[PDB]
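Reading through the structure tokens given below for one structure.
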RNA sequence: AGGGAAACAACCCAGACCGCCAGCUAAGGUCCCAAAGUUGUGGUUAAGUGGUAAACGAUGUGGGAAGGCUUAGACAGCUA
RNA sequence: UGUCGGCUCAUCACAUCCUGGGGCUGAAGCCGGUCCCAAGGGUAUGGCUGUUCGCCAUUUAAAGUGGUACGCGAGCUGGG
RNA sequence: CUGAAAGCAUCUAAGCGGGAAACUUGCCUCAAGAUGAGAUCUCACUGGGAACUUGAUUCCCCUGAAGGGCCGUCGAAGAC
Ligand SMILES: [Mg+2]
Ligand SMILES: [Mg+2]
Ligand SMILES: [Mg+2]
Ligand SMILES: [Mg+2]
Ligand SMILES: [Mg+2]
Ligand SMILES: [Mg+2]
Ligand SMILES: [Mg+2]
Ligand SMILES: [Mg+2]
Ligand SMILES: [Mg+2]
Ligand SMILES: [Mg+2]
Ligand SMILES: [Mg+2]
Ligand SMILES: [Mg+2]
Ligand SMILES: [Mg+2]
Ligand SMILES: [Mg+2]
Ligand SMILES: [Mg+2]
Ligand SMILES: [Mg+2]
Ligand SMILES: [Mg+2]
Ligand SMILES: [Mg+2]
Ligand SMILES: [Mg+2]
Ligand SMILES: [Mg+2]
Ligand SMILES: [Mg+2]
Ligand SMILES: [Mg+2]
Ligand SMILES: [Mg+2]
Ligand SMILES: [Mg+2]
Ligand SMILES: [Mg+2]
Ligand SMILES: [Mg+2]
Ligand SMILES: [Mg+2]
Ligand SMILES: [Mg+2]
Ligand SMILES: [Mg+2]
Ligand SMILES: [Mg+2]
Ligand SMILES: [Mg+2]
Ligand SMILES: [Mg+2]
Ligand SMILES: [Mg+2]
Ligand SMILES: [Mg+2]
Ligand SMILES: [Mg+2]
Ligand SMILES: [Mg+2]
Ligand SMILES: [Mg+2]
Ligand SMILES: [Mg+2]
Ligand SMILES: [Mg+2]
Ligand SMILES: [Mg+2]
Ligand SMILES: [Mg+2]
Ligand SMILES: [Mg+2]
Ligand SMILES: [Mg+2]
Ligand SMILES: [Mg+2]
Ligand SMILES: [Mg+2]
Ligand SMILES: [Mg+2]
Ligand SMILES: [Mg+2]
Ligand SMILES: [Mg+2]
Ligand SMILES: [Mg+2]
Ligand SMILES: [Mg+2]
Ligand SMILES: [Mg+2]
Ligand SMILES: [Mg+2]
Ligand SMILES: [Mg+2]
Ligand SMILES: [Mg+2]
Ligand SMILES: [Mg+2]
Ligand SMILES: [Zn+2]
């Protein structure tokens, strides 16, 4: 329960509105993060934020730690949004960003285009790197993972779309 | 058939069949099931007095 | 789909293109249809239009059916048909002609096929006959086995046996319109159309089409 | 002195309305079946129809406990070989909500000509309203 | 993936987890150590 | 023979002289079919287990008696 | 309670032969091996023999395995 | 994917996704005897008297419509 006993340490410029279980965080360059909590959870507003549990059951104990981590991501996101890196390995593989349409040529017969939902923005500083930006961890990591299943990496040469820190297992032909 | 009809009549007065028979044996009453089922249908005001007699036996 | 015309099969013919190929064609005569009733959601549930075509002598139209044809000043015709329309407007007394079709324009033709009275299983279900020699006894075009022993010990529902090659309604899909004769009220269609000559056929836009 | 018997010509019947909006499927149906038969009246005879009329309004909001929402299955055969057909609780609430309560109540009634007259007195709807305001049904708590 | 009735670790990096009521082994080191059932 | 075990000679209860629109019990039972507790108190299970199974496998969960490290800094992470 | 094989007509199981979706590979590609999910639809013609089977010849995406009185003679045959 | 119980890890415990010829529709046909017998448009019929066991009653006279059938000529409809 060491995660549930840690505060959130809310940054300087934010706002916390608590009307019942429904909770929100307000911030800059992106705001309006909302979620509600199961009726088995405690949140104690102060100069900080703290989490407890109504009950002693096992499920209530496990869900207290999820609430602490979920709110923490909400707190960071409005202040410092989360960001994911994708790298492209292989000749003739390149990606270019155009507003809300990301086009990828990944060796198929036909180049494919990915549509970026509201929220996130992608921009490619290079022709082999993708930069996914956003305000929530779950949506940013979902779209990054949706851009990877187009061509997940190969062990023999590493060709495909990979995370910028993902280790790719390699091997050689017999 | 008599039991199923005393059961229906006792619950309108707030008592189950098995709790009624326990109270009736407890107080002294020994009326048949055939006569109890007849009072339940027709002499409802007499059945009510018997039922509240069985409750008053603390059973 | 959802809106078409009612016509009469006139027969088969051919037309020769300029490049020499011959197109097998069925002629369909569509006398202009007359809108008889308009069915909407707030009156009927579903949404459709009702249509009549042809000509009927006054002695064969009954009193109830004549006052229905007189609510909309339409005059009685043979038969009455209903087309379940999607989103269209039609007032009572309107005209519907072949001019809602073009060339190309894959269409579906609905008709009632020819009737073969009481057919055997070879003709109806494409069974194969037993021997014509080699000792076979009075069992040449008969079906054969129709079940198993004690287990089930009954004939299963839907078993294929003989009787009545239907004069039922069938539709042939994705037929190509070759020519539309507005002035003569004709509709030249490539292929074969169910039924005999002079029968009623329903012509509607292609249900599938796509490719 | 002979035991009283109910004549089917002078049987008193009342209308009730019950709200199936969070109630367990099986514990709601046992009480419904008890009223449809007359087991709540002292005039009950096993061969006449002496129960009341029941109206159920919020059919689609009935619930089951445990994992029965996705695992409870409904089967029926069509008469043709390999004609067994299936559906579950989740999909039948979307398709035909009223069939869920009628099926539960129907299996708790006798399977004979009288058990089908008692089933004829049950009206199940999926909204919050019924067309039977002319009969003025009363409120029945479970 | 290897489907057996006796699933168990094969090296240090193997990991016994239970997912939708099924015991599984997931290994970061070798993709050959994946197991199901058991 | 009768009641129970769904139906079910050989299992459980019990041995039919006749009649009764009287009562008490046995085996088995008491949410509806279908007579009788949606009875009371303290726990277990989440598997529809209950309502078919073996070697063997598993951080499923309840209870109990003891151990090894540990503010001279324990166990996991992270930096050499 | 008519017993092998052939013919006609079938129906179900999945322990899947082809087509469909996947994990591992001693998986470079084209091919494969093995395991998992999947029963919608398909799934040879002949020479020899009474043969089921089998062996040959030429095909096919493939020429599945079984239950049904080793399905089927008040449906046929009658080679054994 | 996000994520704890169990500072890590973890597709799951709360929450959110992708995914097959199998399943429900989409295509074609039958279909209110679906006794739960549904709906729409239009058409027809607007007289007396008596007996009562006193209203979903019985009889007498007059009036029988909308329509259906018999009959006849037949049909790419058909054993009847
Ligand atoms: Mg004919
Ligand atoms: Mg042949
Ligand atoms: Mg012969
Ligand atoms: Mg002979
Ligand atoms: Mg002959
Ligand atoms: Mg058949
Ligand atoms: Mg029966
Ligand atoms: Mg196994
Ligand atoms: Mg899953
Ligand atoms: Mg016995
Ligand atoms: Mg038994
Ligand atoms: Mg018995
Ligand atoms: Mg007793
Ligand atoms: Mg006892
Ligand atoms: Mg029975
Ligand atoms: Mg009872
Ligand atoms: Mg209780
Ligand atoms: Mg069970
Ligand atoms: Mg079981
Ligand atoms: Mg079967
Ligand atoms: Mg399988
Ligand atoms: Mg296969
Ligand atoms: Mg396959
Ligand atoms: Mg494959
Ligand atoms: Mg494979
Ligand atoms: Mg199969
Ligand atoms: Mg099949
Ligand atoms: Mg098959
Ligand atoms: Mg399908
Ligand atoms: Mg051969
Ligand atoms: Mg030979
Ligand atoms: Mg055998
Ligand atoms: Mg066999
Ligand atoms: Mg045989
Ligand atoms: Mg066989
Ligand atoms: Mg036979
Ligand atoms: Mg024979
Ligand atoms: Mg034979
Ligand atoms: Mg026979
Ligand atoms: Mg014979
Ligand atoms: Mg014969
Ligand atoms: Mg001979
Ligand atoms: Mg011989
Ligand atoms: Mg985590
Ligand atoms: Mg993870
Ligand atoms: Mg979950
Ligand atoms: Mg989907
Ligand atoms: Mg699909
Ligand atoms: Mg295909
Ligand atoms: Mg199937
Ligand atoms: Mg009808
Ligand atoms: Mg009707
Ligand atoms: Mg007339
Ligand atoms: Mg007529
Ligand atoms: Mg004729
Ligand atoms: Zn391993």
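Chains as they are written, first to last, in the deposited numbering: chain G, 2 to 175; chain S, 60 to 118; chain D, 1 to 211; chain L, 1 to 142; chain 8, 1 to 38.
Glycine included, each C-beta is placed from N, C-alpha and C at the ideal position.
Span separating the alpha-carbon of residue i from that of residue j
i, j, result
"residue 144 (chain L)", "residue 66 (chain G)", "In the structure as shown, chain L starts at 1 and stops at 142, and residue 144 (chain L) therefore has no counterpart that could be examined."
"residue 103 (chain D)", "residue 102 (chain G)", "40 Å"
"residue 133 (chain D)", "residue 79 (chain D)", "53 Å"
"residue 106 (chain S)", "residue 44 (chain L)", "17 Å"
"residue 40 (chain G)", "residue 22 (chain G)", "8 Å"
"residue 81 (chain L)", "residue 108 (chain L)", "29 Å"
"residue 139 (chain D)", "residue 2 (chain D)", "50 Å"
"residue 32 (chain 8)", "residue 29 (chain G)", "47 Å"
"residue 52 (chain D)", "residue 158 (chain D)", "38 Å"
"residue 78 (chain G)", "residue 25 (chain 8)", "34 Å"
"residue 46 (chain D)", "residue 137 (chain G)", "47 Å"
Closest residue to residue i among the options (Cα-Cα distance)
i, options, result
"residue 59 (chain D)", "76 (chain D), 36 (chain D), 207 (chain D) and 70 (chain D)", "76 (chain D)"
"residue 7 (chain D)", "206 (chain D), 195 (chain D) and 211 (chain D)", "195 (chain D)"
"residue 74 (chain D)", "88 (chain D), 55 (chain D) and 62 (chain D)", "55 (chain D)"
"residue 124 (chain G)", "133 (chain G), 18 (chain G) and 58 (chain G)", "133 (chain G)"
"residue 32 (chain L)", "51 (chain L), 47 (chain L) and 79 (chain L)", "51 (chain L)"
"residue 163 (chain D)", "120 (chain D), 187 (chain D) and 13 (chain D)", "120 (chain D)"
"residue 175 (chain D)", "31 (chain D), 207 (chain D), 156 (chain D) and 148 (chain D)", "207 (chain D)"
"residue 101 (chain S)", "91 (chain L), 4 (chain L), 110 (chain L) and 105 (chain L)", "4 (chain L)"
"residue 2 (chain L)", "71 (chain S), 83 (chain S), 94 (chain S) and 103 (chain S)", "94 (chain S)"
"residue 88 (chain L)", "100 (chain L), 8 (chain L) and 121 (chain L)", "100 (chain L)"
"residue 115 (chain D)", "168 (chain D), 177 (chain D) and 142 (chain D)", "168 (chain D)"
"residue 203 (chain D)", "101 (chain D), 166 (chain D) and 144 (chain D)", "101 (chain D)"
Bridge-paired residues (DSSP) for residue i
i, result
"residue 36 (chain 8)", "3 (chain 8)"
"residue 138 (chain L)", "16 (chain L)"
"residue 66 (chain D)", "Answer by DSSP bridge pairing: none, since residue 66 (chain D) is not bridged."
"residue 113 (chain G)", "105 (chain G)"
"residue 19 (chain G)", "24 (chain G)"
"residue 23 (chain 8)", "18 (chain 8)"
"residue 205 (chain D)", "107 (chain D)"
Reduced DSSP category for residue i - H, G, I as helix; E, B as strand; rest coil
i, result
"residue 107 (chain G)", "coil"
"residue 129 (chain D)", "coil"
"residue 43 (chain L)", "coil"
"residue 144 (chain G)", "helix"
"residue 153 (chain G)", "coil"
"residue 196 (chain D)", "coil"
"residue 74 (chain L)", "strand"
"residue 93 (chain S)", "helix"
"residue 65 (chain G)", "helix"
"residue 99 (chain D)", "helix"
"residue 116 (chain D)", "strand"
"residue 52 (chain L)", "coil"
"residue 106 (chain D)", "strand"
"residue 65 (chain S)", "helix"
"residue 86 (chain L)", "strand"
- Using a Cβ-Cβ cut-off of less than 7 Å, give me the residues of the stretch 146–167 of chain D that come near chain L, in sequence order. Those residues of the stretch 146–167 of chain D that come within reach of chain L (Cβ to Cβ, closer than 7 Å) are 156, 157 and 158.
- Item | Interface residues of the stretch 69–87 of chain L facing chain D [CB-CB below 7 Å] | Listed in sequence order: 79, 80 and 81.
- Message: Residues of the stretch 72–83 of chain S in Cβ contact with chain L at a cutoff of 8 Å, in chain order, please.
- Response: Nothing from the stretch 72–83 of chain S brings a Cβ to less than 8 Å from some Cβ of chain L.
- Just by C-beta distance, which residues in the stretch 22–45 of chain L are closer than 8 Å to chain S? Of all residues in the stretch 22–45 of chain L, only 39, 40, 41, 42, 43, 44 and 45 come within less than 8 Å of chain S when Cβ atoms are compared, listed by chain position.
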